[PDB]
2 protein chains.
Amino acid sequence: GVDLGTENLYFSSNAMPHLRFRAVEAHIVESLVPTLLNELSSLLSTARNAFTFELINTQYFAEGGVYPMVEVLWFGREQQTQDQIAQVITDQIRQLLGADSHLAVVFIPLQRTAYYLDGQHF
Amino acid sequence: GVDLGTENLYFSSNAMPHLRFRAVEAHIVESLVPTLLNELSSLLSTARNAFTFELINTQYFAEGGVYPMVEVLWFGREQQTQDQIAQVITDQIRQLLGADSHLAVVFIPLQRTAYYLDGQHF
């Protein structure tokens, strides 16, 4: 069945964001995650346990140097909200990495009907 | 007996609205209530103590995500006034939840002859 025990789980506002940090040093991410969780959960009025953060442990090459990227896999919020989230993530990373570092933030939409928790979709 | 102590109680313009907030995060409602009271009491020229606000504590499921809803139980005002009220509530919720979030506002009429205060009806 569905999960009607956990508060506010199926709200449209609860985009269930999974943040994936690529081409970013581990210590930066470790410092970032607590402050990002504080700011995003407030901004989106979403439970703190609705977010997941992943450091991706791969090796990158690009001519001119590799820039950091955060992929956000989520159910979607309207463009204006998405824009604000991108701005929060960028601003926090700039604090640790430079006000002109060139962060990419990319949102990838997941379908609620293709996301299953304990065998039942959203 | 009727209540002829409290000012303006039986005016037709005093619809005695009870607002019920469903599928909305508690922190949002907590923030919304004082500003909504200010705006609605001004708009309707109604005493501030004529409004009640309730956060409903249930769990919701909908395919595609659950959208917030405000139920207004009241004696009724004319269509054009009802429309303005719906627009105020919507605009204030958008400021906290997003300018493209999808709020439902539903008005439910109560009969004055079925509403008793201290054992006497309106």
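The basis for the numbers below is simple: all heavy atoms, side chains too, and nothing from hydrogens, waters or symmetry mates. Each chain gets a letter, A, B and so on, in the order its sequence line appears, and its residues count up from 1.
- Using a 4.5 Å heavy-atom cut-off against chain A, the contacting residues of residues 7-27 of chain B are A23(B), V24(B), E25(B).
- Contacts between residues 70-100 of chain B and chain A, defined by a heavy-atom separation under 4.5 Å, are made by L97(B), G98(B), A99(B), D100(B).
- When the side chains of ILVMFWY residues are joined at heavy-atom separations under 4.5 Å, either directly or via intervening members, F61(B) and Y67(B) end up in two distinct hydrophobic clusters.
- Residue contact with chain B, scored on non-hydrogen atoms closer than 4.5 Å, involves the side chain of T113(A) exclusively.
- Residue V29(B) is grouped with residue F53(B) when hydrophobic side chains (ILVMFWY) are merged at heavy-atom distances under 4.5 angstrom, including chains of intermediate members.
- Placement of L55(B) and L40(B) within a single hydrophobic cluster is found when ILVMFWY residues are connected by side-chain heavy-atom separations under 4.5 Å, directly or transitively.
- Neither the backbone nor the side chain of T46(A) comes within contact range of chain B, judged by heavy atoms closer than 4.5 Å.
- Heavy-atom contacts from other residues, nucleotides or ligands closer than 6.0 Å to CD of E54(B) number more than 12.
- Residues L43(A) and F51(A) share a single hydrophobic cluster, defined by chaining ILVMFWY side chains whose heavy atoms lie under 4.5 Å apart.
- Side-chain heavy atoms closer than 4.5 Å link hydrophobic residues (I, L, V, M, F, W, Y) into clusters, and following such links, possibly through other members, connects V33(B) to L103(B).
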